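**Student:** First the structure, then my questions, so here it is.
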Amino acid sequence: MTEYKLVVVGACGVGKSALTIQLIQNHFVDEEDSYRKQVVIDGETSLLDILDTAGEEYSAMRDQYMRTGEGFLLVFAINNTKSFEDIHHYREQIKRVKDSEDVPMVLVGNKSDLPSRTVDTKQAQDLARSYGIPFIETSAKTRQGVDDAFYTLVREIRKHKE
Ligand SMILES: Nc1nc2c(ncn2[C@@H]2O[C@H](COP(=O)(O)OP(=O)(O)O)[C@@H](O)[C@H]2O)c(=O)[nH]1
């Protein structure tokens, strides 16, 4: 059974936990930072071991997951300009800890269901293009893009491993 260690990074409140809950537990409440579940992606049974982190008290565990993380979701919220601005910092942090320019990553613009938008889709597409990674628009509330975000990351890890 293939195992993938995934890390979901981004500013506080962008919906990292909400995205992961929706993926793993299939629900959303508008009111756990680690998850572990087996799913089937493209017919391959895959154990996902996931950490959600903004960069929290358990720094040692964070450093471990950053070092061993095989793929990263870089999450911002479409109604949070600062969270979009923070993405570069998170990506640079990952590249440094992993000592590599070729780390599987997906850019995720969450809260796509909300009518308040301050980050344009073109801005995000442009940034992802510069990084050479996929961009996926998501909503943890409506499930838009959720499986696609995580499964695309798993596919980016596979591309990296072979
Ligand atoms: N409308 C909407 N609210 C969301 C979405 N994702 C998260 N939230 C809400 O945003 C707030 C912060 O989410 P949370 O998962 O705790 O963010 P985290 O700090 O990145 O883990 C919560 O009130 C969530 O219900 C989304 O896609 N749409």
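For the sequence shown, the working numbering gives the first residue as 9, with consecutive numbering after it. Note that CB positions come from ideal geometry on N, CA and C, so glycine has one too.
State yes or no: is the C-beta of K45 within less than 8 Å of the C-beta of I29?
**Tutor:** Contact flag unset, no.
**Student:** Identify, in the order they occur along the chain, each residue of the same chain with its Cβ nearer than 6 Å to the Cβ of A148, setting aside the five sequence neighbours on each side.
**Tutor:** Within the same chain, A148 has close Cβ partners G23, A26, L27, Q30 and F36.
**Student:** Of the residues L115, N88 and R125, which one's Cα is nearest the Cα of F143?
**Tutor:** Of the candidates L115, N88 and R125, the one whose C-alpha sits nearest the C-alpha of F143 is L115.
**Student:** Please determine, among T146, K167 and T10, the residue with the shortest C-alpha to C-alpha distance to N87.
**Tutor:** Here the closest residue by C-alpha is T146.
**Student:** On the premise that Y73 lies in contact with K13, defined as a C-beta separation below 8 Å, what is that separation, rounded to the nearest angstrom?
**Tutor:** Rounded, the Cβ-Cβ distance is 7 Å, consistent with contact.
**Student:** When the Cα atoms are used, what is the spatial distance from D94 to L82?
**Tutor:** Roughly 10 Å between the two C-alpha positions.
**Student:** Can you tell me which of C20, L161, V105 and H168 puts its alpha carbon nearest to the alpha carbon of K90?
**Tutor:** Minimum Cα distance to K90 is reached at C20.
**Student:** To which residues of the same chain is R70 closer than 8 Å at the C-beta, ignoring the five residues directly before and after it?
**Tutor:** So the list reads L59, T61, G63 and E64, once near-sequence residues are dropped.
**Student:** Three or more C-beta pairs under 8 Å: does that hold for the stretch 47-56 against the stretch 112-127?
**Tutor:** Result no; under three Cβ-Cβ pairs closer than 8 Å.
**Student:** With H, G and I counted as helix, E and B as strand and the rest as coil, what does DSSP make of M9?
**Tutor:** Three-state DSSP puts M9 in coil, outside helix and strand.
**Student:** Shorter than 7 Å, the distance from the beta carbon of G23 to the closest heavy atom of ligand 1, or not?
**Tutor:** Yes, the beta carbon of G23 sits closer than 7 Å to at least one heavy atom of ligand 1.
**Student:** With C-beta atoms as the reference, is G51 less than 8 Å away from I165?
**Tutor:** Not a contact, by the Cβ cut-off of 8 Å.
**Student:** If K106 sits next to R75, beta carbons under 8 Å apart, how far is it from one beta carbon to the other, in whole angstroms?
**Tutor:** Indeed they touch by this definition, with Cβ atoms about 7 Å apart.
**Student:** Enumerated in chain order, which unbroken segments of the beta strand (DSSP E) with a length of 3 residues or greater are wholly contained in the stretch 95-162?
**Tutor:** Counting only runs of 3 or more, we get 113-118 and 143-145.
**Student:** Does the beta carbon of residue 171 fall short of 7 Å from some heavy atom of ligand 1?
**Tutor:** The requested residue 171 does not occur in the structure, where the chain is confined to residues 9 to 170.
**Student:** Does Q33 come within less than 8 Å of chain C when only Cβ atoms are used?
**Tutor:** No chain C is present in this structure, which holds just one protein chain.
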